[PDB]
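Working notes, beginning with the structure itself.
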Amino acid sequence: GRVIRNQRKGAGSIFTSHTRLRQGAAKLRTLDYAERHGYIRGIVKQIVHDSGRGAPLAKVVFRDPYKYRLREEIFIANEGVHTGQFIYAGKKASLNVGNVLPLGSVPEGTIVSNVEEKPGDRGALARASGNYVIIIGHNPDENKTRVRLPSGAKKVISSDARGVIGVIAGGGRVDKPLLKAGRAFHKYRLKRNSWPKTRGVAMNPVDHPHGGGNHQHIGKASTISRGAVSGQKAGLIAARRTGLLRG
RNA sequence: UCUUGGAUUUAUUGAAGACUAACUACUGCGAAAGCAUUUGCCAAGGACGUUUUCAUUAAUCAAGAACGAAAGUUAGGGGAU
RNA sequence: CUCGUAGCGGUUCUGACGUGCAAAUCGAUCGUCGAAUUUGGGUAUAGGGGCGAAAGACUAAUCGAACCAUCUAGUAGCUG
RNA sequence: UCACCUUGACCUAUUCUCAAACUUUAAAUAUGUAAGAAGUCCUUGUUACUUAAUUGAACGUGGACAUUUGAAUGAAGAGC
RNA sequence: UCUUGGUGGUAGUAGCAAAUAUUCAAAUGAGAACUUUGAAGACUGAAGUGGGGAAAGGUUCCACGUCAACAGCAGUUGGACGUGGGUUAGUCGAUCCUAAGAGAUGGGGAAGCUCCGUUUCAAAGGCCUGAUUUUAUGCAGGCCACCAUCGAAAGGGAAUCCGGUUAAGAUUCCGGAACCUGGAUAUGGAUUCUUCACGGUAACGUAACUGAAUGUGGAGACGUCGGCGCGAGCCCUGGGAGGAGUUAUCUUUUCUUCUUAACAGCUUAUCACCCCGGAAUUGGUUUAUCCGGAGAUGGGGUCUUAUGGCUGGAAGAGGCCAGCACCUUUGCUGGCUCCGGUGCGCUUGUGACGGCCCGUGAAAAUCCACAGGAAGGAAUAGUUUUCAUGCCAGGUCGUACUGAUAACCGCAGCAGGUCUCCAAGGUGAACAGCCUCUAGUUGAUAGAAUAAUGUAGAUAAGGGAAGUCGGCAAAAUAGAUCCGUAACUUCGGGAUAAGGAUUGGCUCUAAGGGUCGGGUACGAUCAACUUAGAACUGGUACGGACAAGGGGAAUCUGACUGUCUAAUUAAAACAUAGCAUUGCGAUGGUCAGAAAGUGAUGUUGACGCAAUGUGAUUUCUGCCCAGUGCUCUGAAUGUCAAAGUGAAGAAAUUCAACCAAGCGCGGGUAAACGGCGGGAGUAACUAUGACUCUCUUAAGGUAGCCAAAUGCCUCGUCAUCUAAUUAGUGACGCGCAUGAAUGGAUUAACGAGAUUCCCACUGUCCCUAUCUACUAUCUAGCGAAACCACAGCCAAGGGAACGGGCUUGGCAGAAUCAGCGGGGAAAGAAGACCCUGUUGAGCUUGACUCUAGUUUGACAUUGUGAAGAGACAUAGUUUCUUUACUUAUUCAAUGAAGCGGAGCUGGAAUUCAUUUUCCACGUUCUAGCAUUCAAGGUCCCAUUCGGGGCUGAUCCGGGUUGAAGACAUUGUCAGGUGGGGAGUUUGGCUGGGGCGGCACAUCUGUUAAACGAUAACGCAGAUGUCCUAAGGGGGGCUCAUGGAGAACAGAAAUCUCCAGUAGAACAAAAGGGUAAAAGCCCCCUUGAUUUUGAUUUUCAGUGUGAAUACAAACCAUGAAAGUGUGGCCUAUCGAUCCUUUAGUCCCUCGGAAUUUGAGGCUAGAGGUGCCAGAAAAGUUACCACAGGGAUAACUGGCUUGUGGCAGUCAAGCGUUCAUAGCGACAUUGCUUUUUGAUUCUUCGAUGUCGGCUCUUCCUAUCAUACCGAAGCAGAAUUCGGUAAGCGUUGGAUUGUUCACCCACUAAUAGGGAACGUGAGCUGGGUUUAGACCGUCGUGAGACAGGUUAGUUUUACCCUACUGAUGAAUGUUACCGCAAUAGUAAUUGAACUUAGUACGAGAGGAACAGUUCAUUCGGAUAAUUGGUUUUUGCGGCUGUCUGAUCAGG
Ligand SMILES: [Mg+2]
Ligand SMILES: [Mg+2]
Ligand SMILES: [Mg+2]
Ligand SMILES: [Mg+2]
Ligand SMILES: [Mg+2]
Ligand SMILES: [Mg+2]
Ligand SMILES: [Mg+2]
Ligand SMILES: [Mg+2]
Ligand SMILES: [Mg+2]
Ligand SMILES: [Mg+2]
Ligand SMILES: [Mg+2]
Ligand SMILES: [Mg+2]
Ligand SMILES: [Mg+2]
Ligand SMILES: [Mg+2]
Ligand SMILES: [Mg+2]
Ligand SMILES: [Mg+2]
Ligand SMILES: [Mg+2]
Ligand SMILES: [Mg+2]
Ligand SMILES: [Mg+2]
Ligand SMILES: [Mg+2]
Ligand SMILES: [Mg+2]
Ligand SMILES: [Mg+2]
Ligand SMILES: [Mg+2]
Ligand SMILES: [Mg+2]
Ligand SMILES: [Mg+2]
Ligand SMILES: [Mg+2]
Ligand SMILES: [Mg+2]
Ligand SMILES: [Mg+2]
Ligand SMILES: [Mg+2]
Ligand SMILES: [Mg+2]
Ligand SMILES: [Mg+2]
Ligand SMILES: [Mg+2]
Ligand SMILES: [Mg+2]
Ligand SMILES: [Mg+2]
Ligand SMILES: [Mg+2]
Ligand SMILES: [Mg+2]
Ligand SMILES: [Mg+2]
Ligand SMILES: [Mg+2]
Ligand SMILES: [Mg+2]
Ligand SMILES: [Mg+2]
Ligand SMILES: [Mg+2]
Ligand SMILES: [Mg+2]
Ligand SMILES: [Mg+2]
Ligand SMILES: [Mg+2]
Ligand SMILES: [Mg+2]
Ligand SMILES: [Mg+2]
Ligand SMILES: [Mg+2]
Ligand SMILES: [Mg+2]
Ligand SMILES: [Mg+2]
Ligand SMILES: [Mg+2]
Ligand SMILES: [Mg+2]
Ligand SMILES: [Mg+2]
Ligand SMILES: [Mg+2]
Ligand SMILES: [Mg+2]
Ligand SMILES: [Mg+2]
Ligand SMILES: [Mg+2]
Ligand SMILES: [Mg+2]
Ligand SMILES: [Mg+2]
Ligand SMILES: [Mg+2]
Ligand SMILES: [Mg+2]
Ligand SMILES: [Mg+2]
Ligand SMILES: [Mg+2]
Ligand SMILES: [Mg+2]
Ligand SMILES: [Mg+2]
Ligand SMILES: [Mg+2]
Ligand SMILES: [Mg+2]
Ligand SMILES: [Mg+2]
Ligand SMILES: [Mg+2]
Ligand SMILES: [Mg+2]
Ligand SMILES: [Mg+2]
Ligand SMILES: [Mg+2]
Ligand SMILES: [Mg+2]
Ligand SMILES: [Mg+2]
Ligand SMILES: [Mg+2]
Ligand SMILES: [Mg+2]
Ligand SMILES: [Mg+2]
Ligand SMILES: [Mg+2]
Ligand SMILES: [Mg+2]
Ligand SMILES: [Mg+2]
Ligand SMILES: [Mg+2]
Ligand SMILES: [Mg+2]
Ligand SMILES: [Mg+2]
Ligand SMILES: [Mg+2]
Ligand SMILES: [Mg+2]
Ligand SMILES: [Mg+2]
Ligand SMILES: [Mg+2]
Ligand SMILES: [Mg+2]
Ligand SMILES: [Mg+2]
Ligand SMILES: [Mg+2]
Ligand SMILES: [Mg+2]
Ligand SMILES: [Mg+2]
Ligand SMILES: [Mg+2]
Ligand SMILES: [Mg+2]
Ligand SMILES: [Mg+2]
Ligand SMILES: [Mg+2]
């Protein structure tokens, strides 16, 4: 008869993002006349590390078209982008790694990252370390493009949506083992309070639907409907098949 | 088992990975295991030719090493048959 | 990582004490001691709620549901 | 044996022993009613009941009988 | 156990015992253990008992006066009491900045208190003018796109130091010496006829050396560890100038002073950089291997000023002395204050590096610089001066003190807790322990004595775990050097494995450094502590105190480090990395919120986030989709709500069709929940059973493992371990009930985890003794509490069954002291177990009823066109179908910046004399720059040295832009889902409750004892039906059965007679009843009918059911008398409310009617079986409350099935012979220690088993003493008597009592004492809360199943006991007596008797006598051992007193 840990996370008290040391919001450059009819030239000045993020951040500096001043955008760095590199964003831009072009104006099989789901929302797809997006199709009348997402799914996005050529840098990170609870401690120190995890079967029945009994056992089926609510969605939510993938 | 929710067939267009028929032989190369679509680059190899050059530098070899079908092992990728 | 101080804990004596020095101490013996360490201040989360490396533990000596006031002189086939 | 010492039960007359859910009989104790005036007797009045029929039935008028008026003991007042 | 207040006994009692410790004298005083001073002894021992601070306190600080209360003794003292004094800032903080966050406004939500949000969807605004005469500087240009405010006395930050001063303030006052900010402002210097400096190749330099808007850059501004370098301070030390100490002797000796601030000038640097040069024969170089043609080495330079040196500050101050004054105002005078060395030292700061990260380690205020060139400006210095000097001001608040064994919190002057800075010498590795210096304290009620029992510390002969549940506690080990070091292993470890030597002192030896140097075959000089070796030496001591690992072989278990039940559970539980599963591509997953123009994840984006499971590595994860969950573009007349449609009706209404989700159907999923079998026969053994035959499966437990922490039986069986093992280990396995991510098996290392063994070791024990300190005791002072009906000597009896009192006995003499744990079923706590309650709570679910949320349908928002297998058959915008518009709505973005359309060219437009037609719009080697309405061009001005347009830069539409679109979304309603959340329910009787049953509503016979009534979970049975006849009537007939007779035919077919009192039948149990019937056969029928009363039984003379007699009818029936109101009689059944039906066509619908419709009256039905009648699933070991001995266990008491022990009788056994010794079939008793029955007492609690310890009692006698009997020759036995005097063991396993074995013994008898004995212990067993396993349940949970951990309180009161005093007897003293009470010894062996008696032999005694021993007891200390504060003597370490001696 007590609210469970998965419910308490939505109140957002001790379960927020530890966001002091982060370098900003890693977004694309705001879609304007420079990036819609020609291009604009940037410059990388730093490849910095983002706290809580496994991918480096490239600080790319552009000139403001309308006022004499410099605008520093923060990109997710692509593997191969270096400091001192000129970076081109726009429609008429050239395909190099780190250039920002619409999905329509890049050919089939192009490998892109920081890809907008809608034109101008400043980067939503292929942002974690190592991941990328492959363009697998085009429908030039009623401009759309078919992609493969990092999950393996197929998405249809506007051809006016943008992307950055290359993979997101920092790949192969999760292939290293953490080896100890300490290295898990400092990974989640700079993300959010989701660590450690107590098993619900290791509890009292007031705390979890899995807890209690004279032996640690689940009692009911762990697969719960999508048509259930909070407090019952403690287990496998809306599972199609369970266990190993052996047919 | 699939099938009137149109299977099987047929046509158009795509993807994926694998494979490289026919030509293909009492034919070739490779130390052996093995090796076939093209073009490019890389270093190599046999045989021939030689009025070149060195002039026994060689033969086989314990111990020791390189390579070693396929299945298998570990971890990524890929999963068309 | 280890031996071991400061520190931080609390194994055993089932030691002392048990109208105590103390509503949890004292002593010896112990765990650990460069990190998932220890800690001050600021700050956030509030009661059927929080918080929980999970013991129904902790949330002002109060916790299988805090504390305060009211409804309330709640009701009692039960005891005085 | 192919009417026989070595037949079983059955029938008839005997015999020993018994019965809470057997009995011809049958106590003790306990128990119902009666021992009168709201009585008995005579005459005959009523009725739609009853009879073949004032016959019966029931309730009566009038008349006969007075405390040994219908066993014993008691009664402390009786009844409501 | 009332309330409030007061008061006692206990009681002058318990006690005032941690933190080494006090002592002498004087002073003050009424009074001194405690005050003050001196002396002495000591301690904290620099991670302090020392100097400061943060929080908190608040005056506690300081002085004077004072001692009533407070300082648990005292008090002249005080943190007390009374009166006062005291806190000084431009520089230290606050103030300011932002952090995590908090929070207004605009705006949205909410009935509202108010909520969200912090830049949002807002018309959110101040900044300078170049510089002043029409300026209160605007009535002007020009610029800026953010958007409150709060948030740190530890973060960021402008600037102050030294000396002195107070009773108490100080980085604040005073004296001296600075600095910063803000403002104003003059002079000098600088620069200027080249108008905004010069020098250097350069790095850069300087005293200056204009610089607007705008932009850019830097600082503020950052982790941790390691080593190295450098600095400061400290420590160590040499020479000298003073002062003090010791001085028998020694000591050029021991201690001590010898200082230099902020600020300023000049110099000072690793790193970095510049020039020259051009490198392999590669060089440079760090402790640490980096660097160099992208230019090393080298030679010259440049810069940062951490930091150091010099000088100013500043010797005038501070220190140390000396001399002279000597109520001198109170000083005056004078000298010295100097020069070094050393370093793996300590603390700290810094610099250059290196290591680490799936961790890469704040922000803002603020300040500066540069880019740019706006504007302004030149005479002998026009401007401008970030150069020097000069002037003024710096507010408000805080400041004292403590910061804790007395200033804070803990009730308080509480051994507790509470953040931080500084940190001397020695020993030593050390911030350890031990001793000392500076500083500080010497506070804690005392004195005397040295009983017991304690607490704390010790030691112990011989043995060495025999102790105990268990090695608990203790001992042992310990530092360092050298040697040596296994199994196993994840190859990193194990590991300090195990083991084994050495260690002092003194005198030496040998290595190991720095600075100094060459010709266009060389040693002066200084300094450090490591290491190795040698000799000599000694009561063979030496890590001499201190400090400091015990180790080994196994098993279980968790990989490890880590975490938790504060205050009983530290673990095997939790976590963990690793592994795996699941969901989600943002209009999203998971979750918030009452809503929201609302939130978390999210400053996010599948290498992510969320939800779970398992838990490192090795090696594996078998079989199951039937169940239930989950899931599926799956089947579409099975079910399908609301809305909508249609039919009938006057209509309310009734019906029908259509019918979304969801359910049902089909499938997939087990690292989802979960599951993983019998009977029988078979191999040339007897059973065993590869294979085989069936029953049911979805699958029938695979790989593995095991009496395992999982196995009841079980202490399984074997082996091993031991003398002996219910332990352990290894095997085996039909395994009650093992098993694969509810993970199976194994696994190095780790572990305050659990278990067994071994070595060492020891007082754990045999078996106890001694010592010290503190208590206790006694004294002065001070002085509680628990508890208390009244109390306090027993035996027996009875009694609510264990009496202090009552009864009958025993007896009994003041007042007491120390102990003590028998008793007071002592106290502590209105039992926490069990029961009762129509008492609650928590958690679970296939209980009931809801509910948020979610899903599905409908209507509104919701408009505009189409095509329309979209109306019913010249027939119509809505209709069981799709896509077209944008303006509602929705999403998103931006400083709403470039949208839409139209306009120049050139063509593979082969211009088709037409853009039917389309395409490109100033930027891509490179880490530069991009700003001033834009220069140019053009035209105008009224031209003023400047100003304005246009074009540069196409025109038009004012639609910011992109999606999405009348669908989501939203409002309302309807169906589903919905233990996530809520509330409620879970009967009773009961030889306690649970379970079973119904004795819960009934019937017959018995119980039941001759009217009636009468209990038990008494007994034997039956009831919830059956019947249109098995009801009613009439007539006829006799039934069960037996005997004899009939072909098949018998023992049983039909037929016939005789006998048949019922021995048959009557629906169903049993009892009763019945023979021209009540039965059997036949005929007719519905009385099993209507209406109202009366009555009987159960009984309240209520109801219900059943029944009896009538009466009014109407029928049946029979010839009729009659009979029939269901069954031959005794059982077979049901209220109010609601619904329904029959009847009358009756009453009413209240303004009056008609018609439906509704309501009403009388009689039935539908039902409550718990049967006088609620609508209801579990568990609780987390439980709780009101009670209850109305109630379970332990004890006592009764009873005595059972257990044991006896007896009578004697068929028989005992070679004959009942009774030497036995004894059947019977029979009569005893015990309460075994086990069973009462719930008698106890629930405002009698502390629950075993053990240990210790006492007493019984006798039903094992031994010992003395005897009797024998089938007693002897020896040894057996049976029996008197007898409880005296003994009655040590161990392995087990928590066990019991058991069992080993072994000794004279013997290892049995019992009682609240199953003797917990204020005597222990806590192993059992009995809370943690945890794991097995079985069972969907689960919560359960198990008189296993395993691990889990606080044991109080005596000082009375009595009892043990010891100790004592009034009274004329006083006093010595010597005695003995009533009464207690009593104590015990047992064995050997020699001799004696190889004798006896015996055929084998064997083989006893009495007397001597000598020893066992167990016990009482002493005693010559000896032997133990003990040591004799601190007696000696030795040793470390430190301290200068050394020595002598000591602490
Ligand atoms: Mg976990
Ligand atoms: Mg738990
Ligand atoms: Mg080919
Ligand atoms: Mg460690
Ligand atoms: Mg350790
Ligand atoms: Mg420690
Ligand atoms: Mg503990
Ligand atoms: Mg204790
Ligand atoms: Mg350590
Ligand atoms: Mg601390
Ligand atoms: Mg809640
Ligand atoms: Mg629990
Ligand atoms: Mg409360
Ligand atoms: Mg009350
Ligand atoms: Mg009877
Ligand atoms: Mg009678
Ligand atoms: Mg009192
Ligand atoms: Mg006393
Ligand atoms: Mg004393
Ligand atoms: Mg000391
Ligand atoms: Mg006092
Ligand atoms: Mg006094
Ligand atoms: Mg004072
Ligand atoms: Mg300051
Ligand atoms: Mg502020
Ligand atoms: Mg900081
Ligand atoms: Mg000063
Ligand atoms: Mg001048
Ligand atoms: Mg100059
Ligand atoms: Mg700067
Ligand atoms: Mg200063
Ligand atoms: Mg420090
Ligand atoms: Mg100046
Ligand atoms: Mg002050
Ligand atoms: Mg002060
Ligand atoms: Mg102070
Ligand atoms: Mg005090
Ligand atoms: Mg020292
Ligand atoms: Mg030393
Ligand atoms: Mg003391
Ligand atoms: Mg000894
Ligand atoms: Mg000895
Ligand atoms: Mg023993
Ligand atoms: Mg021990
Ligand atoms: Mg060594
Ligand atoms: Mg060793
Ligand atoms: Mg070992
Ligand atoms: Mg562990
Ligand atoms: Mg575990
Ligand atoms: Mg494991
Ligand atoms: Mg640990
Ligand atoms: Mg605890
Ligand atoms: Mg957020
Ligand atoms: Mg499995
Ligand atoms: Mg409907
Ligand atoms: Mg043992
Ligand atoms: Mg075993
Ligand atoms: Mg075996
Ligand atoms: Mg087994
Ligand atoms: Mg004493
Ligand atoms: Mg009395
Ligand atoms: Mg008597
Ligand atoms: Mg009493
Ligand atoms: Mg009396
Ligand atoms: Mg009497
Ligand atoms: Mg007596
Ligand atoms: Mg006395
Ligand atoms: Mg005592
Ligand atoms: Mg007692
Ligand atoms: Mg008690
Ligand atoms: Mg009741
Ligand atoms: Mg815009
Ligand atoms: Mg009777
Ligand atoms: Mg019967
Ligand atoms: Mg019945
Ligand atoms: Mg008849
Ligand atoms: Mg019958
Ligand atoms: Mg009968
Ligand atoms: Mg009845
Ligand atoms: Mg009712
Ligand atoms: Mg009306
Ligand atoms: Mg009843
Ligand atoms: Mg009571
Ligand atoms: Mg006797
Ligand atoms: Mg005897
Ligand atoms: Mg005898
Ligand atoms: Mg006796
Ligand atoms: Mg005796
Ligand atoms: Mg005995
Ligand atoms: Mg007992
Ligand atoms: Mg006792
Ligand atoms: Mg225990
Ligand atoms: Mg006790
Ligand atoms: Mg006492
Ligand atoms: Mg001596």
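Ordered as shown in the structure tokens, chains take letters A, B, and onward, while each chain numbers its residues from 1 and ligands are numbered from 1 in the order shown.
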Contacts with ligand 68 at most 10 Å, only C-alpha atoms (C1' of nucleotides) and all ligand atoms counted, listed as a PDB file with N, CA, C and O atoms (P, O5', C5', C4', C3', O3' and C1' of nucleotides), in the first residue's frame:
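Once written, result_12.pdb looks like this:
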ATOM      1  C1'   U E 453      31.316 -11.339  47.835  1.00  0.00           C
ATOM      2  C3'   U E 453      32.263 -13.032  46.511  1.00  0.00           C
ATOM      3  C4'   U E 453      31.860 -13.613  47.838  1.00  0.00           C
ATOM      4  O3'   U E 453      32.212 -13.947  45.444  1.00  0.00           O
ATOM      5  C5'   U E 453      32.880 -14.519  48.453  1.00  0.00           C
ATOM      6  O5'   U E 453      34.162 -13.924  48.400  1.00  0.00           O
ATOM      7  P     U E 453      35.370 -14.492  49.251  1.00  0.00           P
ATOM      8  P     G E 819      27.925  -5.949  54.098  1.00  0.00           P
ATOM      9  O5'   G E 819      27.142  -7.320  53.996  1.00  0.00           O
ATOM     10  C5'   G E 819      27.392  -8.230  52.947  1.00  0.00           C
ATOM     11  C4'   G E 819      27.465  -9.647  53.444  1.00  0.00           C
ATOM     12  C3'   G E 819      26.735 -10.685  52.620  1.00  0.00           C
ATOM     13  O3'   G E 819      27.450 -11.059  51.462  1.00  0.00           O
ATOM     14  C1'   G E 819      26.401 -11.081  54.925  1.00  0.00           C
ATOM     15  P     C E 820      26.697 -11.163  50.058  1.00  0.00           P
ATOM     16  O5'   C E 820      25.664 -12.334  50.272  1.00  0.00           O
ATOM     17  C5'   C E 820      26.091 -13.670  50.447  1.00  0.00           C
ATOM     18  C4'   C E 820      24.927 -14.485  50.900  1.00  0.00           C
ATOM     19  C3'   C E 820      23.793 -14.520  49.895  1.00  0.00           C
ATOM     20  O3'   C E 820      23.879 -15.670  49.082  1.00  0.00           O
ATOM     21  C1'   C E 820      22.991 -14.047  52.101  1.00  0.00           C
ATOM     22  P     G E 821      24.385 -15.567  47.577  1.00  0.00           P
ATOM     23  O5'   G E 821      23.076 -15.808  46.719  1.00  0.00           O
ATOM     24  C5'   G E 821      22.533 -17.111  46.583  1.00  0.00           C
ATOM     25  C4'   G E 821      21.247 -17.249  47.347  1.00  0.00           C
ATOM     26  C3'   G E 821      19.975 -17.212  46.517  1.00  0.00           C
ATOM     27  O3'   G E 821      19.003 -18.050  47.141  1.00  0.00           O
ATOM     28  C1'   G E 821      19.918 -15.477  48.087  1.00  0.00           C
ATOM     29  P     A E1319      16.230 -16.328  40.605  1.00  0.00           P
ATOM     30  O5'   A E1319      16.968 -14.991  41.059  1.00  0.00           O
ATOM     31  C5'   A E1319      17.723 -14.278  40.094  1.00  0.00           C
ATOM     32  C4'   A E1319      18.012 -12.870  40.574  1.00  0.00           C
ATOM     33  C3'   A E1319      18.680 -12.803  41.926  1.00  0.00           C
ATOM     34  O3'   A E1319      20.082 -13.083  41.878  1.00  0.00           O
ATOM     35  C1'   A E1319      16.919 -11.299  41.881  1.00  0.00           C
ATOM     36  P     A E1355      20.474  -5.287  43.334  1.00  0.00           P
ATOM     37  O5'   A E1355      19.912  -5.598  44.787  1.00  0.00           O
ATOM     38  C5'   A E1355      19.207  -4.602  45.512  1.00  0.00           C
ATOM     39  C4'   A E1355      18.530  -5.162  46.731  1.00  0.00           C
ATOM     40  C3'   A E1355      19.408  -5.928  47.692  1.00  0.00           C
ATOM     41  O3'   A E1355      20.158  -5.094  48.531  1.00  0.00           O
ATOM     42  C1'   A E1355      17.419  -7.116  47.347  1.00  0.00           C
ATOM     43  P     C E1356      21.674  -5.449  48.878  1.00  0.00           P
ATOM     44  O5'   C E1356      22.056  -4.372  49.974  1.00  0.00           O
ATOM     45  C5'   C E1356      21.830  -4.639  51.350  1.00  0.00           C
ATOM     46  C4'   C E1356      20.929  -3.616  52.002  1.00  0.00           C
ATOM     47  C3'   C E1356      19.486  -4.069  52.256  1.00  0.00           C
ATOM     48  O3'   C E1356      19.048  -3.554  53.506  1.00  0.00           O
ATOM     49  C1'   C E1356      19.478  -2.063  51.068  1.00  0.00           C
TER      50        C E1356
END
Near segment 37-52 of chain D, within 12 Å and counting only C-alpha atoms (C1' of nucleotides), which residues show up once chain neighbours fewer than 5 positions away are dropped, as a list in words?
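What passes the distance filter is residues 57, 58, 59, 60, 61, 62, 63, 64, 65, 66, 67, 69 and 70 of chain D.
Atom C1' of residue 1279 of chain E is positioned 7.0 Å from atom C1' of residue 1221 of chain E.
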Once you count only C-alpha atoms (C1' of nucleotides) and all ligand atoms, which residues end up within 8 Å of ligand 77, and could you hand them over as a ChimeraX atom specification?
/E:1066-1068
Only N, CA and C atoms (P, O5', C5', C4', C3', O3' and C1' of nucleotides), please: the residues just picked out, written as a PDB file, in the first residue's frame.
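Saved file again08.pdb follows:
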ATOM      1  P     C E1066     -45.972 -53.635   0.221  1.00  0.00           P
ATOM      2  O5'   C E1066     -47.062 -52.677   0.878  1.00  0.00           O
ATOM      3  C5'   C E1066     -48.196 -52.255   0.138  1.00  0.00           C
ATOM      4  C4'   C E1066     -49.272 -51.675   1.023  1.00  0.00           C
ATOM      5  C3'   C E1066     -48.970 -50.342   1.682  1.00  0.00           C
ATOM      6  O3'   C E1066     -49.191 -49.250   0.812  1.00  0.00           O
ATOM      7  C1'   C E1066     -49.970 -51.814   3.242  1.00  0.00           C
ATOM      8  P     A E1067     -48.310 -47.922   0.942  1.00  0.00           P
ATOM      9  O5'   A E1067     -46.853 -48.412   0.565  1.00  0.00           O
ATOM     10  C5'   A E1067     -46.554 -48.864  -0.743  1.00  0.00           C
ATOM     11  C4'   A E1067     -45.288 -48.225  -1.229  1.00  0.00           C
ATOM     12  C3'   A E1067     -44.255 -47.958  -0.152  1.00  0.00           C
ATOM     13  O3'   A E1067     -43.469 -49.095   0.137  1.00  0.00           O
ATOM     14  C1'   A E1067     -44.522 -46.040  -1.506  1.00  0.00           C
ATOM     15  P     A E1068     -42.992 -49.382   1.639  1.00  0.00           P
ATOM     16  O5'   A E1068     -41.875 -48.283   1.890  1.00  0.00           O
ATOM     17  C5'   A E1068     -40.642 -48.353   1.200  1.00  0.00           C
ATOM     18  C4'   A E1068     -39.840 -47.094   1.375  1.00  0.00           C
ATOM     19  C3'   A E1068     -39.563 -46.670   2.802  1.00  0.00           C
ATOM     20  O3'   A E1068     -38.538 -47.425   3.423  1.00  0.00           O
ATOM     21  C1'   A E1068     -40.249 -44.797   1.558  1.00  0.00           C
TER      22        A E1068
END
Please give the complete set of residues from segment 71-232 of chain A that DSSP, run on the backbone, assigns to strand (DSSP E), formatted as a PyMOL selection string.
chain A and resi 71-76+86-90+100-102+111-113+133-139+144-148+154-158+162-165+223-224
Kindly provide, as a VMD selection string, all nucleotide and amino acid residues lying within 10 Å of ligand 10, counting only C-alpha atoms (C1' of nucleotides) and all ligand atoms.
(chain C and resid 6 to 8 38 to 40) or (chain E and resid 418 to 420)
